[PDB]
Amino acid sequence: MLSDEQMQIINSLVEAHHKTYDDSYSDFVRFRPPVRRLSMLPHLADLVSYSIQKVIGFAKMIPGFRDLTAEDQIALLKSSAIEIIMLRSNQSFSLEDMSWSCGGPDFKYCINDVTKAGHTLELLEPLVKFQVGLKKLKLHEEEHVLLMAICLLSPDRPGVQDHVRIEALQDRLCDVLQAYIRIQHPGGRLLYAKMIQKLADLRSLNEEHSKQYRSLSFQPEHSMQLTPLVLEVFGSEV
């Protein structure tokens, strides 16, 4: 069975995620509205900016993260933010419509919408298949949040100084997860390895997105539609 430290970690991560994920999606009206060249870019830029703020808020509540150096926190966030957004977005994703539904049909994004923000099927098809594969895993809340925290704490990001400590935190989390699946997830025998596979997938998605983003943000007429925060976080200026 699980320990009270592991349990407290789970409770912390769940509370953190609840504090930074709004299931009402009521904030979305504050974004530059959707439009259907690159009509969806203002809206999706605002969406992603909002989401980065959320990921930061979540990371600050991961046990041990805000004990890391500001440099390490920044490096971990700049490397992982896009992956955590991809992960956390599964919660609004639907196997039925094969797309993300955040309230009304105004805030319902299919592949074409994201095409209208500069991206290609080389990213969007793998992204969608990742979403579907991940949704079919039917993770518990506890597992979802543990996976985000784990993704965030990978020490093999560029720019990371304290490899050993970061890897320590990450390991503690992985033990928490493996134990949780052992004791609490019936028929979850094969689950942990699948989740780890999903982290690898995220690395590939990150790679592709970073190329396409590099393409987009190199054109001033498109980058001007981005937000300051997006520009900072996805920027290369570390």
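Think of the rigid core as the biggest set of C-alphas that the two forms share within 1.5 Å after superposition. Residues carry their position along the shown sequence, with the first being 1.
Using the rigid core as the fitting frame, the root mean square C-alpha deviation in 8 other deposited structures of this protein is greater for 178 to 186 than for the other of 178 to 186 and 205 to 213. Going from residue 36 to residue 37, the model skips 10 or more deposited residues, which lack coordinates. With 130 to 138 and 163 to 171 compared on mean CA B-factor from the PDB entry, the stretch scoring higher is 163 to 171. The deposited model assigns a higher average Cα B-factor to 192 to 200 than to the other stretch when 192 to 200 and 46 to 54 are compared.
Ranked within its chain, residue 13 lands in the middle third, by CA B factor from the PDB record. Annotation for residue 72: CA B-factor lies in the highest third of the chain's modelled residues. When all modelled residues of the chain are sorted by CA temperature factor, residue 21 is found within the lowest third. In this PDB entry, residue 143 carries a Cα temperature factor that places it within the lowest third of its chain's modelled residues. The PDB entry assigns residue 32 a C-alpha temperature factor belonging to the lowest third of its chain's modelled residues.
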